[PDB]
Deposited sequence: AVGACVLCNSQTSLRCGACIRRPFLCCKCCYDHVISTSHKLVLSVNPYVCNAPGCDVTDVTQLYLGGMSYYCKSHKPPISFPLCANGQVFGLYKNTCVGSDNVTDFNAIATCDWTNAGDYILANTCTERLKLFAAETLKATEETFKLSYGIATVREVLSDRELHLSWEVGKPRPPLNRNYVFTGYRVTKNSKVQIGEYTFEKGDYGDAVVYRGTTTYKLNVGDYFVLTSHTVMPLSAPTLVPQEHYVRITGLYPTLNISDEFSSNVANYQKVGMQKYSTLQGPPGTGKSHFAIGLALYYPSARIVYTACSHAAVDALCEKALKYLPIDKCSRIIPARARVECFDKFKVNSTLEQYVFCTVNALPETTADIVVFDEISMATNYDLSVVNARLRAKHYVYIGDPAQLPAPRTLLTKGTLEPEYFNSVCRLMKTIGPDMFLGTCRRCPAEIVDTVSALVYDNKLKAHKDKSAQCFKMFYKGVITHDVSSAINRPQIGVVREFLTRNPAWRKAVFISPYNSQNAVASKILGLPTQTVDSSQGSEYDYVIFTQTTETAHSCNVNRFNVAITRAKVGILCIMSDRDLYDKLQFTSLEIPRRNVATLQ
């Protein structure tokens, strides 16, 4: 029961029993917490509760020290000192932001704003608290029981009454009963088990609620600037392909950590892999939150780095299929590609943390705790999508509040900025450069004259809350007949239910804006589906239209974003 204060690091035995994470609070900070919040239970070796038999006084403000035991006003002996007095709570070794983090329900944007603008120790307390709150919320949903099996990819479900039903998308991964993880897509539903198993009627599925481990390491280590490249040995034979990044690679070796803002198709993975060719003897750990982000780094490394010095770290509880071309689980290899949650306890000369807009402060801290590195490089784009905040329902989360790295990129600017988009037709580059990049993103490609926009509100229907716009899909169908080259397009929308409908009607491969991030396609057909905060979100809009290498058709619901698209308008 001996530890350090979360607010001022002062030593104490005084924890808070009312906080879900039980934080240690010193005498002054414990007082300022109990006297300003509903939190009145204070912990130590023995709790601050009335020692009198059958007494339920647990409020520290109503308790006193009577010799060596604690009693309320009704049971205290004549010679007794109040536990709360002179701005302190009695304890051994004798805050407005801490209070708000400790007592919020995490459903408001303002809660995440505070969790990212607070001191470093409060950022870890907010991250631990938020994650535990998100996990305790998983218990609220209702069990789905297999009532009948139709085919190898379709079934019918029986839901638990009294408990709400979770949205059926690839975002929520169920746990079948321990017969492997399972996913669902919309009474006939589509079943996708991570393990091929003959779906048993009667067997139940439940959401994976995991124990939230405490955070020790900061989200960002303290910054260090050096006069020379430190612990890294550069080449004087750096391939012309990577010469554009030489000054930035040198910046990487001259700072403890560095941030790289790379808009879509500006060369983030090329920069990340080229850093290995610039410091050829450096041990590099390549990390990201998702298996897809890690796999995209493996694909680029397969092209430039020796396959014998690479290893893809895969957790024993293999959830989805990932990169098979490197030797699996050899932690000792020079190049290690691994998701944040599967990182081993190891050291590195450089740690590259990619798709940083998708990281949370919990992820930032975990990386600093498992990896001890000479240099840390954070690659991503605050103008792209953040990790979904399942508890957040009120207010919008701005990019400067996604995590510590994004906060820095949006306030002091990033250390490095990749300014030339090599992927997209100029119509798309010009639109997103003006929309989210302050006119600093330049187009390498010419205009393709294959970027179209149509303003069509259609009809909005809902599959629970996930939206569908059948008339917008009908407009796509009509366009496809007149433009058969577009037969090869990927259909993108902000909603899985819109995508399920488009899949059956158009036969195009489908992708939500959020699952399309990091991917690129020659042709993209995007239907906005609705005018909601979700479908009008400028970061989501940015990702959506920057997936296209050659052409894009945007069927829009919002006049604002439609007018901003620098595309040829279509009629019908």
item: Missing residue ranges, deposited sequence indexing starting at 1; value: 95 to 102, 186 to 193, 203 to 206, 593 to 601
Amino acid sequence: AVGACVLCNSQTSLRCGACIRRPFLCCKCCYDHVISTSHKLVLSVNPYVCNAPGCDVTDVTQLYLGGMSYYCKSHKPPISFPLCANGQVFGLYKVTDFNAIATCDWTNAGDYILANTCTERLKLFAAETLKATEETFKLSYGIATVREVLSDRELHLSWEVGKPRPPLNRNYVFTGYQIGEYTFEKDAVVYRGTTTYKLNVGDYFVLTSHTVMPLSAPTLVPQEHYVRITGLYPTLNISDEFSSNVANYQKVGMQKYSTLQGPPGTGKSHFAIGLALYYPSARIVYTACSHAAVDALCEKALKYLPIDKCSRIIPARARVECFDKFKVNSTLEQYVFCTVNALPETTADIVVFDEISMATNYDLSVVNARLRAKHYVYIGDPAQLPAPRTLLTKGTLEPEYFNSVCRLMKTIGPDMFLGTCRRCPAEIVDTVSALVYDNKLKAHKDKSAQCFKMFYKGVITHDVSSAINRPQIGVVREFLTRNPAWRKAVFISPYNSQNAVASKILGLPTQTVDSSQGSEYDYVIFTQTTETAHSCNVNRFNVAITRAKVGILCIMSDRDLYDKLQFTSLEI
From here on, numbers count along this sequence of modelled residues.
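We call the rigid core the largest set of C-alpha positions that still match within 1.5 Å between the two forms.
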property: Stretch farther from the shown model on average in 9 other deposited structures of this protein, with CA RMS computed after core superposition (28 to 36, 535 to 543); result: 28 to 36
property: Greater root mean square CA deviation, 97 to 105 compared with 191 to 199 in 9 other deposited structures of this protein, core aligned; result: 191 to 199
property: Other entries omitting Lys374, at least a third; result: no
property: Residue gap status of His225, at least a third of other entries; result: no
property: Mean temperature factor over C-alpha atoms, higher-scoring stretch between 285 to 293 and 452 to 460; result: 285 to 293
property: 164 to 172 or 321 to 329, whichever carries the higher mean Cα B-factor; result: 164 to 172
property: Maximum C-alpha temperature factor, selected from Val206, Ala301, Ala109, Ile473; result: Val206
property: Largest Cα B-factor, entry values, listed residues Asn539, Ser519, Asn46, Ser535; result: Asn46
property: Ranked C-alpha temperature factor of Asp56 among modelled chain residues, by third; result: highest
property: Third of the chain, ranked by Cα B-factor, where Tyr495 sits; result: lowest
property: B-factor third for the C-alpha atom of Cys421 within its chain; result: lowest
property: Chain-relative CA temperature factor third for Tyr335; result: middle
property: Third of chain Cα B-factors occupied by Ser466; result: middle
